[PDB]
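Next up: just one chain, as structure tokens, the form deposited in one PDB entry.
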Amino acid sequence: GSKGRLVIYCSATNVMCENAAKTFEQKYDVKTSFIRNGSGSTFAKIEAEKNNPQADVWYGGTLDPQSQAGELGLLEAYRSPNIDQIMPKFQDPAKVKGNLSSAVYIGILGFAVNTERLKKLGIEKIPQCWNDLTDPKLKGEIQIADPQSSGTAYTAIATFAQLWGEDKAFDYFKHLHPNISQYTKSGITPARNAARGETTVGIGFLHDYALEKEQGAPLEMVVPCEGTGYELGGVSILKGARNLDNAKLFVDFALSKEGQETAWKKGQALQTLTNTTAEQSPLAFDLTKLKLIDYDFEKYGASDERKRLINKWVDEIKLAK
């Protein structure tokens, strides 16, 4: 009873990806496989493969590189009927309109603190603001990912540019740098290392920290006092997808009540869902309760900002010097 196939480039966590693929395969009899890689890493792969695309759909990870892929003609437009159920402000959020990319979840940018480690290091108060993370007492005690690979890291750079302006954002990263022990390849690695007690502060998306906390890690999550940004998780069909009808079916599924709910019910992924008919995890953040910027996906999900800010970060924040 096999009904074709589907290849997914996934940029969410392995557990979320595997659950989505298995659930889709069992529901629709589509032989479904995925390859997981960072949001930025996946963008580069898709761009390199554009003359002979090797996947059908790009699922999860942050919207900005999917929006950039749309701008560059790497995607195939498709508006799912399930867009009707998506939070109106997020129905068609990318730079090029027409649902070349669609929003499947929301992740809040912030940081979390291993409180056992903070204590075991002699620091009395938990950082509450982005500003607090440049405190010299945190030298070598913070981790964040590298935006060459990680969507999360780019969401942070773009958030900081939107909060403070680009110049002061790069001032901030200059001051944050001495406190970073490791720039990680994956967005989620600071959460894992903070949970493990290998680092004291991780910067990333708070739902990853919430999952670690739910599993017993001594973490305190912080929505920084100045305000913060967020990812939209993206789903996009690749231009030249060999399995186009099945790709459209997967976009429908990813935007559906069932497909989104299964992320937190079975896929160990606690992002806030964009489908207004879906039940949220009790652990999901509620956007109406948070000090969030109006994150400009049209502006930051574009080559000018993504190439320019990432190359600027590489040049100044870690190379020289």
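Each residue number is its position in the shown sequence, starting from 1.
One more form of this protein should be noted, the form deposited in another entry, which is absent from this view; the next part is about it.
Candidate list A55, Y172, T200, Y230; rigid-part hinge between the shown form and the other one assigned to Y230. Note: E279-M221 Cα separation is 3 Å or more shorter in the other form than here. With a change of no less than 3 Å, the CA-CA distance between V235 and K312 is larger in the other form than in the form shown.
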